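Below you'll find the structure, written out as structure tokens, and then a few comments.
There are 2 protein chains.
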Amino acid sequence: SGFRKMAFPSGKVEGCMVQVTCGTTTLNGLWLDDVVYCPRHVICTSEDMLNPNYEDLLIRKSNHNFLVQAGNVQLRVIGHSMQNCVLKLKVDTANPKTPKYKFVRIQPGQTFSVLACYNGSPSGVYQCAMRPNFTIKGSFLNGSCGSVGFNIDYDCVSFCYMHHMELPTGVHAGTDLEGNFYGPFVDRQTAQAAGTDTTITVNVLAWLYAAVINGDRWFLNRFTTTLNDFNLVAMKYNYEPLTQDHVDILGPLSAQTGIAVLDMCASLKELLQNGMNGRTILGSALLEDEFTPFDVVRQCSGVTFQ
Amino acid sequence: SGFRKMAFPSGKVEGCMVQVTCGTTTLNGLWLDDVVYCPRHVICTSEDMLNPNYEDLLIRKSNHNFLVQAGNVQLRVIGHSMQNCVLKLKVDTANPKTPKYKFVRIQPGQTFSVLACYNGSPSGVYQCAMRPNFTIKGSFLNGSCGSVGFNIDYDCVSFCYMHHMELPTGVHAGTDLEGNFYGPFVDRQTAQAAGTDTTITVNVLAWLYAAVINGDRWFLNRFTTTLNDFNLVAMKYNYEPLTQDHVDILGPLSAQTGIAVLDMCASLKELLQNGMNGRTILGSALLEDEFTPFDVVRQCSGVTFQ
Ligand SMILES: *C[C@H]1CCc2ccccc2C1=O
Ligand SMILES: *C[C@H]1CCc2ccccc2C1=O
Ligand SMILES: [Cl-]
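Below you can see the structure in the form of structure tokens.
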């Protein structure tokens, strides 16, 4: 029993992290097969970041301008191209530690593990969620760019995020591994504000199920509700609207606990209207929304990755 | 910026995790050099756990009764001995992935990363603290025994915990890597209740400093206090007594922020007497106490491990 914010084991991704240096900046790259992926703003001076023309800045860059180092051995760059907001550096050595992997573009509400790195060396691992406003609430310092987010299923690493920017409000923006930003953000130091940070309703419900599974049940009331009536309350509290698709995804957790999804919605309703009155749920004094239904089943069943 | 509950990269420890099976149970072992460490209750049936005589149970066990498997290749057990509550299985192959490592017995209040494993295969990683009552608030299911807690400094893994038991209240107990339990717990299915779960005052203060560093400052008041007067409030709320040693350890964070430790204590005082009035600090609605001062500096500076 017990419920913790749990990341995937980091080993498979650690073996892919390299250091990339272009004249000015040093950030992280991802070495898979014989290609290194990194944010394209490695070619920029902090002065350039105010309004860079990446195509023009790239004209003055050749293969040998990109210094790539795995641990303490240099890698030889034999080609380079820009794809959207990432650079793909072709090297002459395939990464011998390349795991089975896929590139995935995740949807808002989905969670993943971030391996924060500096100078191509891992510093720590933690769990995040793609916020509905397409930001992530990470922990990133200067030089952390190029760190990646991932999920592990079976023996396959699903890379879904590369870290690019920190907005003035302290939240984080980035791309998929094809270089397309999540949300409307751009790799430019400008005014780009985040939208409403709405709560991921389905994840809250999943976490409430995890609480019931792990002993915490004081919030179970005698009420039920309907999707339409619950959503009237959700809207007021800036919660994602709950759909039938969300209900169906919660089916397995509803079956395990014997609590109908709409009964759990009525408990959430009371929590939003009445607060938690100084009580706690799974060690938290607020409603947690960065656990997916899959995350809850995974941690409460003990799924393995090999 | 941003502050997250961050574990160490798990790769170095993943390479040490093996599966150990003794007739009945399968749990995890730690393969370092040519020795596999695992909980001694692997030799027990769930029936034995009510009152086992481990010495007598071990007499009927020979090297070949211990099946050790790294991934899908068997390891050959050439010797076995019991040290306190762990078994040391001598194998004929040194682990080629053995990191630089130490065994450390940590003190209450110290934090570490746990790599939860099942059948010798890693499932996830999360951060914990040794509670003042010598429990840990982990996430463990059946078969997770033998999972380990560790800290990484530089290139050296400091192993400090091996998971052994789940108490009836849902908290977790275990040993150092020399097999000595933390606190008064024993590897027996009996009545052993946990003491008061006191709050780690120094860690709360460290986290308040992390909040100031990362933008959250509403809780900074105009007051100060003294150690003796603050501790009168701490005692009332079941907080660890703060000592001069704790003050000194907070010196670096006090210097970085320009907030004297005793001024921060006065802010904590008001938080304990008046609550947070629905506000939040670093995304939490309660006072977090599983970040050490070292943890805060590490995450706010970007320390590297190679
Ligand atoms: C990716 C980097 C860019 C620079 C930076 C400065 C301060 C805090 C975070 C960051 C990043 O995320
Ligand atoms: C170490 C294992 C022993 C058995 C168990 C049953 C249920 C939940 C957790 C556990 C453990 O921690
Ligand atoms: Cl967490």
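Protein sequence lines correspond, in order, to chains A and A'. A prime marks a further copy of an entry chain. Using the entry's author numbering, the letters of the first sequence correspond one by one to residues 1 to 306. Using the entry's author numbering, the letters of the second sequence correspond one by one to residues 1 to 306. Every residue gets a Cβ at the ideal spot worked out from N, C-alpha and C, and that includes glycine.
C-alpha distance - residue i paired with residue j, whole-angstrom precision
i	j	result
residue 58 of chain A	residue 66 of chain A	11 angstroms
residue 221 of chain A	residue 275 of chain A'	26 angstroms
residue 267 of chain A'	residue 297 of chain A	40 angstroms
residue 249 of chain A	residue 292 of chain A	10 angstroms
residue 28 of chain A'	residue 71 of chain A'	12 angstroms
residue 236 of chain A'	residue 167 of chain A'	27 angstroms
residue 81 of chain A'	residue 145 of chain A'	19 angstroms
residue 8 of chain A	residue 305 of chain A	9 angstroms
residue 109 of chain A'	residue 33 of chain A	43 angstroms
residue 213 of chain A	residue 170 of chain A'	11 angstroms
residue 42 of chain A'	residue 10 of chain A'	24 angstroms
residue 243 of chain A'	residue 151 of chain A'	25 angstroms
residue 50 of chain A'	residue 177 of chain A'	24 angstroms
residue 3 of chain A'	residue 193 of chain A'	34 angstroms
residue 63 of chain A'	residue 91 of chain A'	9 angstroms
residue 207 of chain A'	residue 289 of chain A'	7 angstroms
residue 133 of chain A'	residue 239 of chain A'	12 angstroms
residue 94 of chain A'	residue 35 of chain A'	8 angstroms
residue 253 of chain A'	residue 198 of chain A'	23 angstroms
residue 232 of chain A'	residue 85 of chain A'	39 angstroms
residue 322 of chain A	residue 136 of chain A	The requested residue 322 of chain A does not occur in the structure, where chain A is confined to residues 1 to 306.
residue 287 of chain A	residue 264 of chain A	13 angstroms
residue 203 of chain A'	residue 262 of chain A'	14 angstroms
residue 46 of chain A	residue 181 of chain A	20 angstroms
residue 73 of chain A	residue 37 of chain A	18 angstroms
residue 116 of chain A'	residue 56 of chain A	49 angstroms
residue 246 of chain A	residue 227 of chain A	10 angstroms
residue 17 of chain A'	residue 114 of chain A'	12 angstroms
residue 259 of chain A'	residue 284 of chain A'	21 angstroms
residue 97 of chain A'	residue 31 of chain A'	9 angstroms
residue 279 of chain A'	residue 270 of chain A'	14 angstroms
Buried or exposed (CB count within 10 angstroms, at least 16 for buried), residue i
i	result
residue 307 of chain A	Nothing about residue 307 of chain A can be reported from this structure: the residues present for chain A run from 1 to 306 only.
residue 215 of chain A	exposed
residue 309 of chain A	Any answer about residue 309 of chain A is impossible in this case: the structure gives chain A only from 1 up to 306.
residue 14 of chain A'	buried
residue 129 of chain A'	buried
residue 78 of chain A'	exposed
residue 131 of chain A	buried
residue 154 of chain A	exposed
residue 184 of chain A	exposed
residue 68 of chain A'	buried
residue 40 of chain A'	buried
residue 175 of chain A'	buried
residue 295 of chain A	buried
residue 112 of chain A	buried
residue 190 of chain A	exposed
residue 140 of chain A'	buried
residue 148 of chain A'	buried
residue 299 of chain A	buried
Residue i - partner residues in DSSP beta bridges
i	result
residue 100 of chain A	A:156
residue 14 of chain A	Beta-bridge pairing links residue 14 of chain A to no other residue.
residue 37 of chain A	A:30, A:88
residue 75 of chain A'	A':68
residue 116 of chain A	A:124
residue 165 of chain A	A:173
residue 110 of chain A'	According to DSSP, residue 110 of chain A' bridges with nothing at all.
residue 49 of chain A	Answer is none; residue 49 of chain A lacks a bridge partner.
residue 149 of chain A'	A':114, A':161
residue 181 of chain A	A:175
residue 25 of chain A	A:22
What are the residues of the region 192 to 212 of chain A that lie near chain A', defined by any Cβ-Cβ distance shorter than 7 angstroms?
Cβ contacts with chain A': none found.
If contact means a Cβ-Cβ distance below 9 angstroms, which residues of the region 284 to 305 of chain A contact chain A'?
Taking 9 angstroms as the Cβ-Cβ cut-off against chain A', the residues of the region 284 to 305 of chain A that qualify are 284, 285, 286, 298, 299, 300, 301, 302, 303, 304, 305.
Closer than 7 angstroms, Cβ to Cβ, to anything on chain A: give me those residues from the region 128 to 142 of chain A', in chain order.
Residues passing the 7 angstroms Cβ filter: 137, 138, 139, 140, 141.
Listed by chain order, which residues have C-beta atoms less than 6 angstroms from any heavy atom of ligand 3?
Here the list is A:5, A':5.
May I ask you to list, following chain order, the residues of the region 163 to 192 of chain A that have a beta carbon less than 8 angstroms from some beta carbon of chain A'?
Answer set for the region 163 to 192 of chain A: 166, 170, 171, 172.
Counting only Cβ-Cβ distances shorter than 9 angstroms, please list the residues of the region 1 to 13 of chain A' near chain A, keeping chain order.
Residues passing the 9 angstroms Cβ filter: 1, 2, 3, 4, 5, 6, 7, 8, 9, 10, 11, 12, 13.
Contact list for the region 81 to 114 of chain A against chain A', Cβ threshold 7 angstroms:
Taking 7 angstroms as the Cβ-Cβ cut-off, the region 81 to 114 of chain A has no residue approaching chain A'.
Who sits around ligand 2, taking every residue whose Cβ is closer than 7 angstroms to one of its heavy atoms?
Selection output, chain order preserved: A:1, A':27, A':140, A':141, A':142, A':143, A':144, A':145, A':163, A':164, A':165, A':166, A':172.
Can you list, in chain order, the residues of the region 34 to 63 of chain A whose Cβ is nearer than 8 angstroms to any Cβ on chain A'?
Residues passing the 8 angstroms Cβ filter: none.
Counting only Cβ-Cβ distances shorter than 8 angstroms, please list the residues of the region 227 to 245 of chain A near chain A', keeping chain order.
Within the region 227 to 245 of chain A, no residue qualifies.
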